[PDB]
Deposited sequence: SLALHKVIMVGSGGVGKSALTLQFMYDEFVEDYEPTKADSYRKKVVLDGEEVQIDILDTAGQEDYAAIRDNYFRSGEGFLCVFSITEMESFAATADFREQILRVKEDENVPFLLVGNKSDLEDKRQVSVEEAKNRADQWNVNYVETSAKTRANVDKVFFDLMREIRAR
């Protein structure tokens, strides 16, 4: 059995949780994935010379069920869309939930600003997202599930944080 890294995708609706997951898993940009469907994925990848298994829980939004899922997670990709300010505002809600369940302010966590390809319709500045990440002591990365920009990066960077726990 190889090392297993459990990642959880969180964020408000339509930010790109599923598209990022499927782009990472199948190298395809899926634009119509059922908004209400939560699923898990698993695949073997090579992380810095070592073959490891990554498990990704793509959440879709009772309390006991959601808490158990967060407890099982080892790292979190907190996603928002750079084109929707409200989704950025919502990241504070997920941060609070994760800290409540994990009871660890150093839990592997990346703030992910998705849909970077839509610069034209950006509502969240790089400055404000970076500032929030700094205040939370986490790293910020902008991705595009459409062009694949930084998609592998966020998953691999998070795995390195899980490995370093």
Note to self, deposited ranges with zero CA coordinates are 62 to 64
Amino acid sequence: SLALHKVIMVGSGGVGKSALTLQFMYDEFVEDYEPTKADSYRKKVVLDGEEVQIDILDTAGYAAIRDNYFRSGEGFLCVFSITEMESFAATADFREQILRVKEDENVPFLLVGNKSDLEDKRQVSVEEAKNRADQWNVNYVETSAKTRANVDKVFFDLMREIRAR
From here on, numbers count along this sequence of modelled residues.
Which wins on mean Cα temperature factor, 44 to 52 or 108 to 116? 44 to 52
Per the entry, higher mean C-alpha B factor between 93 to 101 and 62 to 70: 62 to 70
Please place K6 in the lowest, middle or highest third of its chain by C-alpha B factor as given in the entry. middle
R165 by Cα B-factor - lowest, middle or highest third of the modelled chain: highest
